[PDB]
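Results of the structural survey
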Amino acid sequence: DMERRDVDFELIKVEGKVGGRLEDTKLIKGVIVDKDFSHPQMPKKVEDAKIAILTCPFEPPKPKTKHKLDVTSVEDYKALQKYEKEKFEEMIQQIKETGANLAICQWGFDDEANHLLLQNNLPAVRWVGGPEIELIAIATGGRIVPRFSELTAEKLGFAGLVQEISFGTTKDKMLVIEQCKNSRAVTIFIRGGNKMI
Amino acid sequence: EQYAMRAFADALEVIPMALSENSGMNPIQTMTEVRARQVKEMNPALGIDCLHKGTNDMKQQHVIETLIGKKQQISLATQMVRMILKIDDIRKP
Amino acid sequence: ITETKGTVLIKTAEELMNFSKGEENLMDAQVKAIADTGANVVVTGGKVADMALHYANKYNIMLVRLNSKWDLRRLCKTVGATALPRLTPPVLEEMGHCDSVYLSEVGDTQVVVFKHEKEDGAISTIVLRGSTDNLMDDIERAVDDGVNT
Amino acid sequence: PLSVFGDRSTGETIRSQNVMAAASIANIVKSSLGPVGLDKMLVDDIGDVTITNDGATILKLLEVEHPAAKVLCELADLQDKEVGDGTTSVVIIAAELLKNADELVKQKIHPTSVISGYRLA
Amino acid sequence: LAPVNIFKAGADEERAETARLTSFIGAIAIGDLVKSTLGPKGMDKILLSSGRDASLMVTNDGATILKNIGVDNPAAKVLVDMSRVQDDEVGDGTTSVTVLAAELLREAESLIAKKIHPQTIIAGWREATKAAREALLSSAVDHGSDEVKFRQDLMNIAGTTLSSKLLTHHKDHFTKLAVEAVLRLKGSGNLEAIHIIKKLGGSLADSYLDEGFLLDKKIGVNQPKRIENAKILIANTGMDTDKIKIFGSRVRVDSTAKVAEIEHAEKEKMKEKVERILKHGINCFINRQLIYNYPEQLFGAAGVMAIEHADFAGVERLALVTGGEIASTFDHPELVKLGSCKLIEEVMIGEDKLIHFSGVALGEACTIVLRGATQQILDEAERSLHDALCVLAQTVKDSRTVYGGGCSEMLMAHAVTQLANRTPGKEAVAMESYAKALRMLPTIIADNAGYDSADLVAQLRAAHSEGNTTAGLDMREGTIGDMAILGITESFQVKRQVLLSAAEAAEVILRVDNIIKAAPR
Amino acid sequence: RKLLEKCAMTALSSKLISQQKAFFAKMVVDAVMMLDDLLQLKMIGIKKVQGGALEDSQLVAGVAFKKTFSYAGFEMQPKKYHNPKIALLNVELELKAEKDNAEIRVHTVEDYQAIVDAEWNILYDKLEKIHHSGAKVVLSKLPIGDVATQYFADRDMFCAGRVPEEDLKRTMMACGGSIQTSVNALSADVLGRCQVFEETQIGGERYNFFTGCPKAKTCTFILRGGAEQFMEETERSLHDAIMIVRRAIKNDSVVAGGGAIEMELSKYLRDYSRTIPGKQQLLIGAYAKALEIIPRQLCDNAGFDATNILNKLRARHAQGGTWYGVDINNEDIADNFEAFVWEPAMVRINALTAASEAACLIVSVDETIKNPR
Amino acid sequence: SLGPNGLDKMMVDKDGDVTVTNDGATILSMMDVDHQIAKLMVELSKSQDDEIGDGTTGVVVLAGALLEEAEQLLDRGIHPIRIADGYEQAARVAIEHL
Amino acid sequence: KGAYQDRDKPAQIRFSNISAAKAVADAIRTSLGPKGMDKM
Ligand SMILES: Nc1ncnc2c1ncn2[C@@H]1O[C@H](COP(=O)(O)OP(=O)(O)O)[C@@H](O)[C@H]1O
Ligand SMILES: Nc1ncnc2c1ncn2[C@@H]1O[C@H](COP(=O)(O)OP(=O)(O)O)[C@@H](O)[C@H]1O
Ligand SMILES: Nc1ncnc2c1ncn2[C@@H]1O[C@H](COP(=O)(O)OP(=O)(O)O)[C@@H](O)[C@H]1O
Ligand SMILES: [Mg+2]
Ligand SMILES: [Mg+2]
Ligand SMILES: [Mg+2]
């Protein structure tokens with residue numbers, strides 16, 4: 001940032017993990033996270049995908065006010081049961097119609113939504129409510145939408161290589177994104193054999 | 001006021017002495033040699049050879065530091081010394 | 001509001017969209033009707049609101065808040081006005097005519113002085129100046145003894 | 001630093017303490033000096049009334065743990081043994097002289113000059 | 001010490017002599033506590049406790065003992081953390097690296113006692129480690145194309161790994177079992193697919209490896225037991241009270257007939273969902289949640305096996321064994337797919353009944369049934385099997401083996417000695433100390449075995465200096481033999497990581513001064 | 001201005017910032033001169049940022065406050081504007097319910113979805129009404145949600161919530177706006193205006209600047225130096241200098257500092273004591289002799305001969321030679337009126353009256369009665 | 001802990017954590033002192049690390065050396081105000097010359 | 001290139017002795033000279 005003669009330490013993510021060697025420290029021009037995929041059968045590595053940053057969860061809409069739904073007949077219950085799956089299919093098609101290949105939410109998912117995402121071939125990352133969303137939006141350059149109806153083709157981030165990495169015999173998996181454009185945030189991966197190192 | 005300036009000049013040379021002590025050589029002898037070499041020639045880039053490389057010139061040894069950092073350090077040390085020299089009372093339980 | 005515990009019931013979106021609009025419109029209308037009588041300063045005796053304060057500052061209306069259950073009655077007896085338990089515009093016979101209402105400070109203490117240019121009036125206030133609380137208390141006791149005498 | 005195993009003062013605190021002790025000793029027997037003064041009373045633990053006002057006996061039967069008080073008591077005892085009259089006036093004069101010299105000491109004046117002036121006077 | 005108090009009450013600080021002395025004493029104690037279990041003929045220890053639930057475990061691994069002891073020395077804590085990191089990395093060499101670190105620290109103690117600057121020792125140790133890591137890469141055997149030799153190398157590595165624990169009596173079968181279980185992963189590094197089921201009954205001779213899959217769950221009531229040529233379909237839905245709607249739906253009626261109609265509609269919806277589940281043409285339903293009474297009888301009335309209580313691990317294992325996917329919704333039967341199984345029955349192992357799954361198609365996952373007489377023996381066998389599987393996966397992913405037994409340490413010591421014999425200065429003492437610490441490991445091994453250690457070490461060093469750069473130490477008799485004839489083979493990445501961790505720990509502990517301890521809470 | 005600077009340098013002579021008394025004088029002069037007419041001491045903001053020396057302290061001509069808690073859409077908006085428009089609001093910009101005492105009794109899913117869409121419609125209408133005012137900087141006391149932060153970042157606009165009341169009042173007094181509660185009346189006369197707005201890193205903390213306001217009546221001080229005690233002493237010295245300048249402006253009457261006024265008063269009281277006989281002469285003489293404790297204590301703090309200096313001052317006052325005080329650097333006596341040493345005359349009168357009242361109250365005490373507990 | 005030949009330090013937390021570093025400010029922040037002057041030095045080192053970041057113990061070493069040098073002048077018979085003024089003048093001269 | 005020291009207790013002992021001697025000399029410095037006072 002030469003036009004203002006200042007930097008920002010919040011953009012540089014400094015993360016470390018035990019195991020490995022000290023000479024394995026390298027620079028990554030992307031955003032790394034400590035989460036995995038929502039489904040184990042989802043494809044791990046991808047070559048051409050688009051980032052779809054989302055904030056609303058994969059649940060039906062619910063207002064924060066005090067609302068009461070009254071069902072006094074079988075017709076109302078049947079209409080509600082039909083509208084549930086109707087809205088589910090509508091939002092699933094809206095996620096696919098935007099052209100993106102990898103959506104990013106914030107909160108948890110469900111069962112039917114995860115099954116539909118696996119059937120439609122679209123990986124996703126869960127639990128990223130921290131600065132990871134901001135880092136991805138800054139690096140990839142994609143915009144953030146609050147709902148699903150505003151997910152357009154212009155508000156998508158370009159991804160180069162999104163593939164998780166495996167360590168030793170532990171059950172810890174970390175997803176790292178690389179091959180991005182002119183990003184303004186990099187990550188520093190520190191590896192060692194001791195905790196104080 | 002010449003006694004305070006001499007004390008400040010004598011206390012400012014505590015870094016080369018500490019470096020020579022941590023290295024493993026004579027502190028006062030190396031400091032006097034560096035001072036003589038600096039007052040005899042015209043190059044303010046003669047430090048203490050801590051890595052034992054031979055030449056004492058810091059221009060070719062790739063020893064680069066900071067200027068604003070050293071200035072702020074000196075100013076903060078002087079301010080703290082002035083503040084400590086002003087306090088002369090204590091009332092602790 | 002109502003004394004009995006009661007909530008609002010809304011169903012359609014028109015009510016949810018127009019409730020706050022109608023509330024703000026009624027508040028603005030009440031503020032305009034209160035200031036239409038010619039009042040320059042409103043002295044309340046309870047909790048104030050943000051929208052009411054903003055509407056009063058928009059029409060240049062001074063707001064004075066105080067709670068003591070005695071100072072309000074003293075000010076009403078001094079300025080010759082009556083208290084209203086509702087937010088209704090007062091009548092000409094229920095107005096408090098003063099002389100100069102400003103906000104100054106003496107001895108690093110903000111105080112509101114209600115000085116009147118009339119020689120008579122109702123009650124007065126003696127201001128004491130000193131450097132010790134005991135001396136001020138003694139002066140107050142001497143003033144009380146003189147008043148009793 | 002300086003392990004003395006005890007208590008110590010500074011410079012002016014000891015002088016102020018000595019001045020206060022001398023003033024208290026003087027005020028103890030300051031109501032039986034002139035001919036219009038009354039007598040005192042000294043009672044012990046077993047109950048023995050001692051009505052006297054000579055000054056020397058009161059100072060001897062006082063038991064004070066102060067150095068200046070003991071010095072004044074022994075001076076009054078020496079005065080009573082050598083003469084017998086004027087045992088309290090000398091102590092009062094000494095206390096007044098100490099109080100007057102304390103003000104000069106507090107005014108950044110060396111005690112040697114004050115002592116020389118007192119001796120000359 | 002200065003007479004003016006600076007620190008708070010209850011805080012000690014060691015300078016240079018006392019701090020280094022305490023650190024060296026703690027390091028020597030840590031190295032000597034585990035030194036008894038290093039050689040192949042080592043014994044076991046007892047790790048009893050009193051604050052928990054009277055847990056009693058008997059193991060031979062050093063990292064487990066160091067983690068269960070709970071030390072308090074700062075250097076001992078760093079050593080325990082390093083051992084834990086090494087165990088989480090590859091999990092094969094913790095006692096060796098901690099003994100090497102203890103020997104290096106003991107040598108550094110005598111070096112400092114000889115008036116030597118720590119910087120020179122650090123530089124010499126770094127140069128020795130660099131020379132060792134440079135000479136170790138040149139002595140590596142590459143394999144991958146020849147599967148016949150690769151299988152023999154894997155078998156030898158598994159045998160050498162299993163002969164260092166309690167499985168020396170049944171190494172002739174456990175090695176083959178681990179080899180057969182490793183090849184079933186098809187190169188996948190997922191170690192969670194191998195399920196270990198320990199039972200109390202038979203001995204180690206009754207242990208085997210199932211070619212299919214086993215499950216310790218129960219089936220529903222009024223359901224067929226054995227089903228031939230079935231189709232397993234893994235699902236993920238909530239049959240127990242299907243109320244996934246997060247809406248505020250509440251029944252606000254005014255008659256019991258409306259409530260009865262709502263209940264009948266809910267029952268009809270549940271029946272329709274059950275029928276849509278069976279619309280795929282399956283006969284073996286598997287869910288991840290609980291099954292009530294209505295879906296149980298609905299599945300039993302049609303002759304469909306229902307399995308309850310299945311977590312994520314079991315679902316993943318079943319999907320890897322069969323081939324089906326975790327389906328839901330149930331709307332498109334074409335994009336769901338099924339599994340393949342032609343033999344399903346229930347077996348009785350000891351006193352419990354388990355479901356047996358045979359006739360699989362793929363078979364990416366497998367289960368191993370372990371039998372033992374004592375819980376400690378079963379835990380030791382499970383730990384040894386896990387370590388063997390981990391080292392086998394590591395040596396498979398590495399695709400290169402290195403002759404073990406002590407040849408690599410001797411080669412590294414010879415390289416360090418040759419490097420030190422060419423440079424002067426005070427750096428020759430650090431390299432000599434490193435070579436002595438490296439050569440002390442075969443000495444400790446021979447001392448724990450029960451033979452002459454000094455003579456064997458001298459003979460091995462003379463052979464390595466004269467040309468025999470491939471010999472080792474015979475443990476069956478106590479002589480000198482070639483490592484390529486017997487069948488002792490270790491790894492390369494494991495030894496490299498061990499050496500790097502030892503060097504890092506030595507360099508970190510070497511520059512330690514002023515141990516400032518705060519006030520304990 | 002010269003008299004104000006001299007008074008500030010005299011008041012800041014026996015303080016901790018005595019080495020930099022000529023630098024803070026102009027600062028406090030410019031701060032008091034731009035304090036409207038009623039002299040509002042609460043309008044001057046005193047900020048303390050860790051780091052920097054005494055020479056790094058600057059005085060801005062606007063307002064400045066610490067960066068509040070941000071969200072996820074804070075690094076996506078530009079932090080520099082040329083001529084923006086500040087809009088001080090006071091409503092919450094987040095997704096929440098309307099009223100706490102409300103209840104929605106929906107029937108079917110149609111009205112449910114209608115209300116769900118109408119909530120976001122109202123939110124977007126409010127966000128557009130705030131954006132339609134032509135503003136660029138949004139400041140409000142209530143915390144701002146993430147939805148409004150993400151909406152404002154897409155249009156290259158700056159926003160900041162959780163603004164304190166004092167900071168908002170200072171910003172309003174500096175710019176010239178007003179506190180707007182509702183967003184249904186956002187005109188052009190209720191919006192702020194500045195010349196520059198940046199956000200740099202000073203001492204590892206993010207701070208905002210709003211300098212460039214010709215109609216401003218307040219300022220903000222950035223005090224640097226030590227950590228806690230040094231900053232507190234600097235703030236106390238700044239407050240004392242501000243009070244001294246305010247008194248010099250309100251009274252415009254200062255006299256010569258030092259021990260000249262006390263010596264003149266003692267001489268006058270000693271000369272007046274030679275007229276009234278009786279026991280009144282001794283009391284006036286003691287009162288005059290007690291007034292000479294200021295020069296003695298002033299000369300005894302540096303280890304000087306106080307007796308000779310007091311005698312010389314008494315001789316100079318009796319032989320005349322009116323504003324002759326003491327000297328520390330010259331180790332003698334000089335004219336304090338020509339040495340630029342001026343002090344407010346009302347301070348001495350107030351101190352004398354307070355001392356007289358305290359002495360009278362202490363003498364009036366006869367019997368002291370104490371009660372347990 | 002000054003220079004390339006200096007060693008590292010080891011600190012013990014309140015619970016039982018082990019921390020080994022040589023930054024200087026972190027060592028002083030977890031020292032747990034109770035002599036005010038030590039807390040002042042710790043705060044000064046923390047402020048220096050927050051401002052610049054490099055050289056956290058050099059400033060306190062220079063301050064200690066200056067105080068040790070001024071102790072001799074104070075024991076000789078010089079007023080502390082004159083010593084502080086001379087030190088400030090020398091610091092200003094050094095800053096202007098650097 | 002050598003002369004390494006691994007002992008610190010004698011240095012601290014000498015420093016403490018020097019400090020104690022300096023404190024004693026400063027305490028006895030009052031009773032010195034013709035213009036000195038007496039102690040109790
Ligand atoms: N059958 C064997 N023949 C020769 N050497 C062996 C044999 N088994 C183990 N060793 C040696 O014992 C050492 C320790 O092996 P092991 O116990 O598996 O590791 P750790 O001691 O870290 O638990 C190894 O370095 C290896 O060289
Ligand atoms: N530069 C100066 N020249 C002469 N006298 C001074 C100077 N600075 C301070 N003084 C004197 O020192 C006295 C103490 O002033 P100050 O420390 O500012 O407040 P306070 O009176 O509360 O201690 C004042 O009465 C003033 O006359
Ligand atoms: N290679 C070098 N050559 C010359 N001087 C050095 C070198 N490395 C460090 N120093 C000196 O050692 C001092 C201490 O530096 P260091 O220990 O790295 O950080 P800190 O200043 O925080 O202690 C510095 O003031 C620097 O001048
Ligand atoms: Mg007589
Ligand atoms: Mg092993
Ligand atoms: Mg540094």
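Residues numbered from 1 in each chain as written, not as in the entry; some residues may be left out. Chains lettered and ligands numbered in written order. Part of a larger assembly, values for the part shown. Heavy atoms only, no water.

What the entry reports as its method is cryo-EM, with 3.7 Å given for the resolution.

**Thoughts on the site of ligand 3**
As a matter of local geometry, ligand 3 sits amid B:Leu19, B:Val63, B:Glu65, G:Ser1, G:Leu2, G:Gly3, G:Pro4, G:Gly55, G:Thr56 and G:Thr57. The environment around ligand 3 is built from residues contributed by chains B and G. A distance of 2.7 Å is found between an oxygen atom of ligand 3 and a side-chain nitrogen or oxygen belonging to B:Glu65. Contacts to ligand 3 include G:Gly3, whose backbone N or O atom sits 3.4 Å from an oxygen atom. Taken by itself ligand 3 offers 550 Å² of open surface, and the protein chains cover 68% of this. Each residue belonging to the shell around ligand 3 can be placed in one class, and the counts come to four nonpolar, five polar and one charged. (Near = heavy atom within 4 Å. Polar contact = N/O pair within 3.5 Å; in protein donor to acceptor, adjacent residues only side chain to side chain. Areas by Shrake-Rupley, 256 points an atom, 1.4 Å probe, with all protein chains shown as cover. Nonpolar A, V, L, I, M, F, W, Y, C, P; charged D, E, K, R; others polar.)

**Looking at the interface of chain F and chain C**
Counting from both sides, the interface comprises 20 residues of chain F and, opposite them, 24 residues of chain C. Between chain F and chain C lies a buried interface of about 2,100 Å² when both sides are counted; carbon and sulfur atoms form 59% of it. The largest share of the area that chain F buries against chain C comes from F:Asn101, F:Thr181 and F:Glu357, three residues that together contribute 23% of it. Between C:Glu23 and F:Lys99 there is a salt bridge, and its shortest N-O distance comes to 3.7 Å. At the boundary of chain F with chain C, the tally comes to six residue pairs in polar contact. (Contact = heavy atoms within 4.5 Å. Buried area = accessible area lost by both parts, 1.4 Å probe. Salt bridge = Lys/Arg side-chain N within 4 Å of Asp/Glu carboxyl O.)

**Things to note about the side chain of E:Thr489**
Its place among the elements puts E:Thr489 in the loop between α15 (483–486) and α16 (493–510). Discounting residues that sit within four places of it in the chain, E:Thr489 has contacts with E:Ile157, E:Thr160, E:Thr401, E:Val402 and E:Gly404. (Helix = DSSP H or I, 4+ residues; strand = E, 2+ residues; numbered from the N terminus.)

**Quick word on the packing of helix α4 (residues 68–86) of chain B against helix α4 (residues 80–97) of chain G**
Close contact between α4(B) and α4(G) brings their axes to 9 Å; oriented N to C, the two are set at 175 degrees. One finds that α4(B) runs roughly antiparallel with respect to α4(G). Facing α4(B), whose interface residues are B:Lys71, B:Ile74, B:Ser75, B:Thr78, B:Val81, B:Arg82, B:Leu85 and B:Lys86, α4(G) presents G:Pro80, G:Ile81, G:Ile83, G:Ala84, G:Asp85, G:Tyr87, G:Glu88, G:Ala91 and G:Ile95. A breakdown of the residues in the contact of α4(B) with α4(G) according to their chemical character gives ten nonpolar, two polar and five charged. (Axes fitted to C-alpha atoms, helices over the stretch in contact; angles between N-to-C directions. Parallel < 35°, antiparallel > 145°, perpendicular 65-115°, else oblique.)

**Description of the site of ligand 2**
Residues and elements named next belong to chain F. In the region of ligand 2, the neighbouring residues are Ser13, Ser14, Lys15, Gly258, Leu298, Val341 and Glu343. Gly258 is positioned with one of its backbone polar atoms (N or O) 3.0 Å from an oxygen atom of ligand 2. Residue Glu343 places a side-chain N or O atom 3.4 Å away from an oxygen atom belonging to ligand 2. When isolated, ligand 2 has an accessible area of 550 Å², and the protein chains bury 55% of it. Here the shell around ligand 2 is built from residues that sort into two nonpolar, three polar and two charged.

**Some words on the interface of chain E and chain A**
Between chain E and chain A, the contact holds 48 residues from the first and 42 residues from the second. A salt bridge links A:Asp70 to E:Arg250; the nearest nitrogen and oxygen atoms lie 3.5 Å apart. Elements that contribute at least two residues to the side of chain E that touches chain A include exactly α3 (74–89), β9 (249–251), α8 (256–277), α10 (312–321) and α16 of chain E. In terms of residue class, the side of chain E that touches chain A is built from 20 nonpolar, nine polar and 19 charged. In terms of strand pairing, strand β4 (residues 67–71) of chain A meets β9(E) through three bridges, oriented parallel. Within β9(E), the position partnered with A:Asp70 by the bridge is E:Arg250. (Pairing = 2+ DSSP bridges.)

**Looking at unusual backbone geometry**
When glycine is set aside, most residues are seen to have a negative phi, and most peptide bonds are trans. All names here are of chain A. Within the chain, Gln179 stands out as a residue other than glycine whose phi angle is a positive 55 degrees. Secondary-structure assignment places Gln179 in the loop between β10 (173–178) and β11 (187–192). Exposure remark for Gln179: the relative accessible area of 56% places this residue in the exposed category. (Buried < 20%, exposed > 50% of the residue type's maximum accessible area, 1.4 Å probe, protein only.)

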